[PDB]
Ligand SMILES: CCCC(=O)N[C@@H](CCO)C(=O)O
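Only one chain comes next, encoded as structure tokens, the form deposited without N-butanoyl-L-homoserine (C4L).
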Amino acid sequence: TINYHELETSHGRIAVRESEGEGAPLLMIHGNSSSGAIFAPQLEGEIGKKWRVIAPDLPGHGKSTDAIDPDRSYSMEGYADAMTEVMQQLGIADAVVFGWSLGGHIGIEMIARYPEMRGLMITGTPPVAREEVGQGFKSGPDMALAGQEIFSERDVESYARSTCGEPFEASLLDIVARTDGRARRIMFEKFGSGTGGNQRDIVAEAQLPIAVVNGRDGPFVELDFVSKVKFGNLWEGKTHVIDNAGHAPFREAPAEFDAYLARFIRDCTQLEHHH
């Protein structure tokens, strides 16, 4: 069973899903206009059966309330602050973190705020300085939606299909439609303005293991660019690509994605640590 509960935080009321796994904790952070519900394959599958998988909803997303203060909360660094507060409330200082897309950018911002993080895996996330956005992301019509406040019904469907990929389910529309659109506009503006830490430098200098796993056919991430990003400690020494998967390989190719995730968790939590 999945343990659903809600936390009162300084950002608002944050919905949290937890698997019943007794093993080391894994925080999974969803993407723009998604929710932790998207991680059903991990929560309910072999990953969540072994490890304590924690999948919250960002403020303005899913079953969480809108942010008490959108100006504070709706930014990569503001979300990192919220997730850090969530983990402190849960009493967990040393989670492995998996971040999907926006969630990966949030994970990068969490490195400074959550120093006992045992590793970070990013999927759908090119670490980029603000001036590198065109290099890290592919141009297209669904990309413009990332920072667009108001979604038409058609926008909801287009965004859901491109970002979540195969298979499409009606329930995805409900998640995307709920999202506080102010969060899209503000986060995107602040990202381009460099209001938080330079993500290129952060990942270059970070000493914890960082794993990079992407679908080969995602419409958003420039994989070549990602394969050239400098990481302080790149897990298994390369960026990884899953064939026949798009932006969301954790749902499009769960077995192959879970192989990477499980191995990364094992590596970050069950090997003898030496500096």
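One rule holds for the numbers: they count along the sequence shown, beginning at 1.
For the two regions 223-231 and 29-37, the entry's Cα B-factors average higher over 223-231.
The stretch with the higher mean CA B factor, choosing between 201-209 and 183-191, is 183-191. Within the group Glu236, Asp69, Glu44, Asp57, the record's highest C-alpha temperature factor is found at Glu44. Of the candidates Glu116, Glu77, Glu157, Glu85, the PDB record gives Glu157 the highest C-alpha temperature factor. Per the PDB record, residue ranking by Cα B-factor puts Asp81 in the lowest third of the chain. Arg13: CA B factor in the highest third of modelled residues in this chain (values from the PDB entry). Ranked by C-alpha B-factor against the other modelled residues of its chain, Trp100 falls in the lowest third. Among all modelled residues in its chain, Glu22 ranks in the highest third by Cα B-factor. When all modelled residues of the chain are sorted by CA temperature factor, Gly136 is found within the middle third.
Below, we refer to the form deposited with N-butanoyl-L-homoserine (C4L) bound, which is not included among the displayed structures.
Residues placing heavy atoms within 4.5 Å of N-butanoyl-L-homoserine (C4L) in the deposited complex fall in a single listed stretch, namely 180-188, out of 180-188, 200-208, 88-96, 109-117. Heavy atoms of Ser101 reach within 4.5 Å of N-butanoyl-L-homoserine (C4L) in the deposited complex, making it an interface residue. Taking non-hydrogen atoms only, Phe250 never approaches N-butanoyl-L-homoserine (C4L) to within 4.5 angstroms in the deposited complex. At the 4.5 Å threshold, heavy atoms of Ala146 reach N-butanoyl-L-homoserine (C4L) in the deposited complex. Remark: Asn32 counts among the residues lining N-butanoyl-L-homoserine (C4L) in the deposited complex, judged by a heavy atom distance of 4.5 Å or less. The three residues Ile38, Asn214 and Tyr260 each lack any heavy atom within 4.5 Å of N-butanoyl-L-homoserine (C4L) in the deposited complex.
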